[PDB]
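Everything below concerns the one structure shown next.
Laboratory data are not the source of any read-out in this text; all were calculated from the coordinates shown. Neighbour counts run over all protein chains shown; Cβ positions are idealised from the backbone, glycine included.
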Ligand SMILES: [Zn+2]
Ligand SMILES: [Zn+2]
Ligand SMILES: [Zn+2]
Ligand SMILES: [Zn+2]
Ligand SMILES: [Zn+2]
């Protein structure tokens with residue numbers, strides 16, 4: 001169904017849909033591992049399906065249509081606690097590379113592309129534990145795509161080599177994120 005912000009289980013998959021209160025976004029859970037998002041003049045939002053809790057060796061399959069018009073990402077996305085970390089394995093993005101201005105720490109080759117690795121920080125921003133300061137870990141795929149498989153272990157292991165430690169995994173989803181833009185997407189996870 002189309003839903004308001006929240007989390008839960010739908011047709012065998014965890015989902016998380018969050019937004020900053022700005023209008024312009026419609027997030028809809030579909031059959032099985034499918035979800036869709038349609039947005040126009042949105043604020044910041046993040047929505048998708050996966051698992052709760054996530055694991056450090058899952059191979060995640062995603063497919064569908066991803067048509068952003070502006071700033072948006074399509075990523076394997078999740079959190080850990082102890083330490084609190086928001087992480088992204090970005091498979092595709094729109095007009096803005098999320099690593100812009102960030103210091104590159106490394107690279108990893110996985111599932112048909114090299115990815116560049118970065119660490120950034122958010123100060124007193126929304127998080128799974130409420131407003132908080134936390135680091136973000138990024139692997140950014142060089143060869144953009146909208147279907148395929150992500151061997152998360154390759155990324156988590158590469159990050160660990162850079163001192164980017166993950167604690168206990170909270171949720172782990174394939175998420176469509178938008179930042180004051182427009183677009184449409186229909187993604188299926190497994
Ligand atoms: Zn393009
Ligand atoms: Zn592209
Ligand atoms: Zn392309
Ligand atoms: Zn391109
Ligand atoms: Zn292109």
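Taking the criterion of being within 16 Å of ligand 2 (Cβ to nearest atom), free of Cβ contacts under 8 Å to residues at least 12 places away in the same chain and either surrounded by 14 or more Cβ atoms within 10 Å (Cβ to Cβ) or more than 29 Å from residue 9 (Cβ to Cβ) (or both), would at least one residue in the stretch 158-173 satisfy it?
no
Is one or more of the residues making up the stretch 95-109 within 16 Å of ligand 3 (Cβ to nearest atom), assigned to a strand (DSSP E or B), touching a strand residue (DSSP E or B) at 6+ places or on another chain (Cβ under 7 Å) and under 22 Å from residue 158 (Cα atoms)?
no
Residue check: is residue 74 within 16 Å of ligand 2 (Cβ to nearest atom) and not in a loop (DSSP other than H, G, I, E, B)?
Answer is yes for this residue.
Need the failing condition index for residue 53 against (1) assigned to a loop (DSSP other than H, G, I, E, B); (2) within 16 Å of ligand 3 (Cβ to nearest atom), just the number.
Answer for residue 53: the failing condition is (2).
Residue 144 is checked against (1) assigned to a loop (DSSP other than H, G, I, E, B); (2) within 16 Å of ligand 3 (Cβ to nearest atom); (3) crowded, with 18+ Cβ neighbours inside 10 Å and fails just one. What number does that condition carry?
Evaluating residue 144 over (1) assigned to a loop (DSSP other than H, G, I, E, B); (2) within 16 Å of ligand 3 (Cβ to nearest atom); (3) crowded, with 18+ Cβ neighbours inside 10 Å leaves (3) as the failure.
If you go through the stretch 130-137 one residue at a time, do you hit one that is over 21 Å from residue 57 (Cα atoms) and out of contact with any strand residue (DSSP E or B) (no Cβ under 9 Å at 6 or more places or on another chain)?
So far as the stretch 130-137 goes, yes, one or more of its residues are over 21 Å from residue 57 (Cα atoms) and out of contact with any strand residue (DSSP E or B) (no Cβ under 9 Å at 6 or more places or on another chain).
Test residue 61 against the criterion of being away from ligand 3 (no atom under 16 Å from the Cβ) and farther than 20 Å from residue 127 by Cα, and give yes or no.
yes
Taking the stretch 98-153 as the search range and keeping residues that are closer than 25 Å to residue 17 by Cβ and touching a helix residue (DSSP H, G or I) at 6+ places or on another chain (Cβ under 8 Å), which one is nearest to ligand 2 (Cβ to nearest atom)?
Ranking the qualifying residues of the stretch 98-153, first place goes to 139.
Quick check, is residue 137 within 16 Å of ligand 3 (Cβ to nearest atom), buried (at least 19 other Cβ atoms within 10 Å of the Cβ) and either within 24 Å of residue 69 (Cα to Cα) or touching a residue at least 24 places away in the same chain (Cβ under 8 Å) (or both)?
So residue 137 fails the test.
Applying the selection to the stretch 116-126, what residues are in contact (Cβ under 8 Å) with a residue 24 or more places away in the chain and more than 18 Å from residue 165 (Cα to Cα)?
126
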